[PDB]
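Colleague: partial complex here, more coming in a sec:
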Amino acid sequence: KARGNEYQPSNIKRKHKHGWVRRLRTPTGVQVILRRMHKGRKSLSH
Amino acid sequence: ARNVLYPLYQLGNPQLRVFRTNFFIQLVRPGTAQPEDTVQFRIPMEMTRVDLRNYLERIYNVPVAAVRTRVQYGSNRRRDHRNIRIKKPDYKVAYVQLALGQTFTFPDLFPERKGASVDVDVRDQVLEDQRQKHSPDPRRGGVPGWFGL
Amino acid sequence: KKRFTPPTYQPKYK
Amino acid sequence: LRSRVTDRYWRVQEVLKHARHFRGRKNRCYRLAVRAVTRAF
Amino acid sequence: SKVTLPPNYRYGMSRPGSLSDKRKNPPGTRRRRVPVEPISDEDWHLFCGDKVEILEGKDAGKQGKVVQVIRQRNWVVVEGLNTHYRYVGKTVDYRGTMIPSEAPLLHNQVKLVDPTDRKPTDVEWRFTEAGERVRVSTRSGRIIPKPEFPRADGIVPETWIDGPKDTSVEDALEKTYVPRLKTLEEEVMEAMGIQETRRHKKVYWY
Amino acid sequence: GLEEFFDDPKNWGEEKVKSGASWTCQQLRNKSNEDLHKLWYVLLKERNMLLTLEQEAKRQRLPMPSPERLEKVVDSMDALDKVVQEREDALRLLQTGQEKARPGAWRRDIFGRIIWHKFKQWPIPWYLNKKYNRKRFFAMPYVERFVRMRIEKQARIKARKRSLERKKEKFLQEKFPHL
Amino acid sequence: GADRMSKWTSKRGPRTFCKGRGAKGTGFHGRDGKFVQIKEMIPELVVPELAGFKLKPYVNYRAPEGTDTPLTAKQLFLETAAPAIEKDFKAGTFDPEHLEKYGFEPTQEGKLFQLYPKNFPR
Amino acid sequence: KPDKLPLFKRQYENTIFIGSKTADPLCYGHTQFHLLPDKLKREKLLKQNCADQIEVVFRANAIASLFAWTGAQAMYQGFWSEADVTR
């Protein structure tokens, strides 16, 4: 009833949803890594 | 050794031998109260308890009894001029205890010299005297004193 | 409808 | 060839020199001076 | 230890890792790039320790010894000729020890002086029949020797006393290498009598 | 034997301590392999003592006496490591002729790059490894477009660099017309 | 949120996540879960005797340097194996088939310390 | 500090026990038998370069174990810090 705190931290969830391993398991995920490497991002993924 | 590739071990392999160790050890003064037999070392991350026990017993011939180690975390809070965190390196601290009742106390590595202390006092006294001489005479009222008349 | 415009935040570097 | 106006200082001085004796913000601000100067003439 | 510098930097007769340099140039600042004419390392004929003559400045025609050279900005610093005065000892209630300080000079205002005639003369590098690179004058045509100068360490190898942890010259130059086809691992193992019987199994690399 | 971490007591309070020069590369090539093994530990005991003194200097908020000793010792360590490595690779070339002591092969990863893949030690072959068979060494067709874009990005960076060098040369000539 | 531009180490995750800081394993898990530490896998440091050894970590300043000549695989062969081969060929005892007497080894797996696999760490 | 023994702080239920609850009529003890574990064998101590530690383990076990038993007996009889011990 008081929104604003939708982010409840969790390392297990964060590394399973946005982790480096998951990014390389789907063909669409690899394209996300390729786009961020081309743009020059400091951190490709979590 | 660190930054090297160890041989994979299977059944019946020969003993693993390292001839030129890549490790380096700092002996540091404990920051808190420690018992009489405890000596505190700073060791690289790739060093285990068994490596340190062999490191001291063989290279330095120190009869250690028990070795306990922990990992320290450096501060990553202070920001650079461009607002980028600068992280101090993490170091591994290991405490050893001597076996044969040997007692170790950390020595005072910077004992001051009485002659040097006296010389510093004389140098400070000379500077204070020089400042007193350079101090203007209040009765002159700011008039320069270099000219004779 | 439920008309509502959320506020925006000034950039922190300012 | 990027052309920029450099004599803009004299552009506004030709207007403010006729509005030096006004009262308020009309003697300083250019936008308020022109409407006052034009009505003055 | 080597200190990294920003791509654009200004040199002011102070070493990069000094507190004076940090006070002058904070890490968060960067200034205008001065125009420096490129001189290749093979075209820099001015070293430290050789007498040179100053052409332009408050003093003209005087000769002095070069003490410091700034290669980055093409500077040669004479020993107390083009001097300006500053204060060193500063405190709340006392100032003193007025010490003259020498300002930098460019290469175009300094010409090398030949030993014989003691006059400024243009110098060009020449390759002689002995294989050594020796500077050669233009007018007089005489070669000028290199200006041997003491190193920054301040230690002269001629007068030295070996300390407790110093190796003698005889042992340093003593040769004991017997070039056989055994690695350092093999030689030490057989030197101390370390005996190993079993052998490693097969290990797959991929 | 725990006093080896500290210098001799006569030298604790000395503000400046003199030391000899570091070992040069040529001097260590004349020493035997047995000699280098013994010299490594003489350097090793020296380096531990210097590190202890340096840390103690920070604790006491006083400068380290003659800090250039540590720089000399680490230079001697690197030279000793170099010369033994010069003997290992030279002996390897005679016996086997391989340039690198760790096996490897050039592979194309999923990102399209060329990566020198070092090999690892395993007790089972490549086809019986669960983890290894999950890594992929090849580029999918959608990587072709992204590989092409990296070439364009590097080409523009080099093109900008080359034009910058030309501009400086013209700029310096005008202010230095000595030609 | 969380910092994605920092080092992911064992101290950040839950109790389940325990990642080593780079040490080399020295054993495995036994029957009862007690860690069985293999004696062989422990790196046995080998040290010589420095008591009768006269050498110091520093060299005298007056000692001259030398021309920096990196060791070459060709120079090593001319120093060690060439004199033996040259004498044998002049005496007619050279055998092209077998070169094991000159220090050449056909297969590395026979010896204790291989070269191409790089068996020994250091 | 005791942390250098080492000793580690922990928080759980504070229990005073004699081997049986208070309702048991056998509130006193006669003897104790203790068996040293595998980690504290004489052979293990010798390998760890520990000579005088052989007697230390025996003494440390007896002092801590017997005090807990004798202390628990006193507190089952009502004696505590402010009542001290009569017998």
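Modeller: Great, that's in hand. Numbers count the residues shown, from 1 in each chain, chains lettered A, B, ... in the order given.

Colleague: which secondary structure elements does the longest helix along chain H contact?
Modeller: The longest helix of chain H (DSSP state H) is helix H:53-76. If contacts are counted by 3 or more CB pairs under 8 Å, 6 or more residues apart in numbering or on different chains; DSSP states H and E, helix H:53-76 sits against helix H:42-47. In short, each C-beta sits where N, CA and C put it, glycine included.

Colleague: for the helix it packs on, name the packing helices and strands.
Modeller: Going by 3+ CB pairs under 8 Å, 6+ apart, helix H:42-47 lies up against helix H:53-76.

Colleague: for the helix it packs on, buried residues please.
Modeller: H:53, H:57, H:72, H:74, H:76 (16 or more other CB atoms under 10 Å in any protein chain shown).

Colleague: which one of these is nearest residue H:25?
Modeller: The closest of those to residue H:25 turns out to be residue H:76 (CB to CB; 11.3 Å).

Colleague: didn't that closest one look like it was pressed against residue H:25?
Modeller: No - the criterion here is CB atoms under 8 Å, and residue H:76 misses it with residue H:25 at 11.3 Å.

Colleague: neighbours of whichever residue of chain C sits closest to chain E, just the number please.
Modeller: Closest residue of chain C to chain E, CB to the nearest CB: residue C:13 (14.9 Å). By other CB atoms under 10 Å in any protein chain shown, 5 other residues sit near residue C:13.

Colleague: leaving out chain neighbours, which residue sits closest to residue G:108?
Modeller: In this structure, residue G:108 finds its nearest non-sequential neighbour in residue G:114, 4.2 Å apart by CB to CB, 6 or more residues apart in numbering or on different chains.

Colleague: tell me, how many residues neighbour residue 8?
Modeller: Answering for chain A, as no chain was given. Residue A:8, neighbours per other CB under 10 Å, totals 6.

Colleague: try chain E instead
Modeller: Around residue E:8 there are 9 residues (other CB under 10 Å).

Colleague: what residues are up against it?
Modeller: E:30, E:31, E:33 (CB atoms under 8 Å, 6 or more residues apart in numbering or on different chains).

Colleague: put chain I on too:
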Amino acid sequence: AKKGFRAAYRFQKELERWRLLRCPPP
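Modeller: Let me put chain I in with the others:
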């Protein structure tokens, strides 16, 4: 930095006027 010289020089005519007003010449 706007390119040109007329603007730079015309202001020097103004700077002289201000100096005379502040410090009139004898």
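
Colleague: back to the neighbour count of residue C:13, now that we've got chain I?
Modeller: 5.

Colleague: tell me the SS of it?
Modeller: coil (DSSP: H, G, I helix; E, B strand; the rest coil).

Colleague: so what does residue E:85 have for phi and psi?
Modeller: Main-chain torsions, residue E:85, degrees, to the nearest 10: phi -100, psi 140.

Colleague: dump the residue contacts of it.
Modeller: So residue E:85 contacts E:98, E:99, E:100, E:101 (CB under 8 Å, 6+ apart).

Colleague: now with 7 Å?
Modeller: Residues near residue E:85 by CB atoms under 7 Å, 6 or more residues apart in numbering or on different chains: E:98, E:100.

Colleague: tally of neighbours for residue D:6?
Modeller: 16.

Colleague: the closest residue to it other than its chain neighbours sits in which helix or strand?
Modeller: Of all residues not flanking residue D:6 in the chain, residue I:7 sits nearest, at 3.7 Å (CB to CB, 6+ apart). According to DSSP states H and E, residue I:7 maps onto helix I:6-22.

Colleague: the strands in chain E, which residues?
Modeller: Taking DSSP state E to define them, one finds strands in chain E at E:51-54, E:63-70, E:75-78, E:83-86, E:99-102, E:105-106, E:110-112, E:123-127, E:133-137, E:143-144, E:166-167, E:204-205.

Colleague: figure out which of these is closest to residue B:43.
Modeller: Closest among these, using CB to CB: strand E:166-167, at 29.7 Å.

Colleague: would that closest one count as contacting chain G?
Modeller: Yes - counting by CB under 7 Å from any CB of the partner chain, chain G is contacted by strand E:166-167 at E:166, E:167.

Colleague: parallel or antiparallel, list what pairs with that strand.
Modeller: When pairing is defined by DSSP bridges, strand E:166-167 lines up against strand G:58-59 (parallel).

Colleague: now tell me what touches the partner strand from outside.
Modeller: Everything outside strand G:58-59 that qualifies as a contact, by CB under 7 Å, 6+ apart, is E:165, E:166, E:167, E:172, F:19, F:20, F:21, F:22, F:23, F:27, F:72.

Colleague: okay, now chain J:
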Amino acid sequence: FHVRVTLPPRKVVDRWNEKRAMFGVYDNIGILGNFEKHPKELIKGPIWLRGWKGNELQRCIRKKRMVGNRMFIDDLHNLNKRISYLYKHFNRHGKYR
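Modeller: With chain J now in place:
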């Protein structure tokens, strides 16, 4: 409107350098050379603009025809969007029609 307070260093331009003295020397090569080379064979510049002239639309179309296959990916996309916008603006917009 603040103007600079210091006189800039006057540009000493020499009217008789190599470029200005020899400027436009061989402009009449065709007239006085038995008509062997048209004066359009002296223009230095882009490949697609040597001896050609046009508006913005015809220039972008011409660039795509000649050097289109040699352009970069990003530049090839930006040129296509420029052609489409100019095509729509020139034909479907304006006053005189």
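
Colleague: again for the contacts of residue E:8, chain J present now?
Modeller: E:30, E:33.

Colleague: I figured residue F:54 hits residue F:66, correct?
Modeller: No - when contacts are counted by CB atoms under 7 Å, residue F:54 is not listed as touching residue F:66 (11.1 Å).

Colleague: chain center to the longest helix of chain H, what's the gap?
Modeller: 4 Å (CA atoms, centre = their mean, to the nearest Å).

Colleague: whichever residue of chain B sits closest to chain D and residue E:6, how far apart?
Modeller: As assessed by CB to the nearest CB, chain D sits closest to residue B:82 within chain B, at 31.7 Å. Per CB to CB, to the nearest Å, residue B:82 is found 12 Å from residue E:6.

Colleague: and these two? Which one has more around it.
Modeller: Using other CB under 10 Å, the more surrounded residue of residue B:82 and residue E:6 is residue E:6, with 10 against 7.

Colleague: where's the more buried one relative to residue E:28, distance?
Modeller: Going from residue E:6 to residue E:28 by CB to CB gives 10 Å.

Colleague: ok, which stretches of the chain are helices?
Modeller: This is for chain A. According to DSSP H, the helices that chain A contains are A:11-17, A:20-23, A:27-39.

Colleague: hm, I was asking about chain J
Modeller: Under DSSP H, chain J gives helices at J:18-21, J:56-67, J:73-92.

Colleague: with mean neighbour count and distance to chain F added, can I get those helices in TSV?
Modeller: Rendered in TSV, the data for the helices of chain J read as follows (neighbours: other CB atoms under 10 Å in any protein chain shown; distance: least, CB to the nearest CB, whole Å):
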stretch	mean neighbour count	distance to chain F
helix J:18-21	9	14
helix J:56-67	15	15
helix J:73-92	12	6
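
Colleague: got the CA positions of the lengthiest helix in chain E in PDB?
Modeller: For chain E, the helix with the greatest residue count under DSSP H is helix E:184-191. Coordinates of the C-alpha atoms in helix E:184-191 are reproduced here as PDB (Å, rounded to 0.1, in the frame of the first residue of the first chain):
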ATOM      1  CA  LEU E 184      68.200 -26.000 -12.700                       C
ATOM      2  CA  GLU E 185      65.700 -28.500 -11.300                       C
ATOM      3  CA  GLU E 186      67.900 -31.500 -12.200                       C
ATOM      4  CA  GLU E 187      71.200 -30.000 -11.000                       C
ATOM      5  CA  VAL E 188      70.000 -29.100  -7.500                       C
ATOM      6  CA  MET E 189      68.200 -32.500  -7.000                       C
ATOM      7  CA  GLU E 190      71.400 -34.500  -7.700                       C
ATOM      8  CA  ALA E 191      73.600 -32.000  -5.800                       C
END
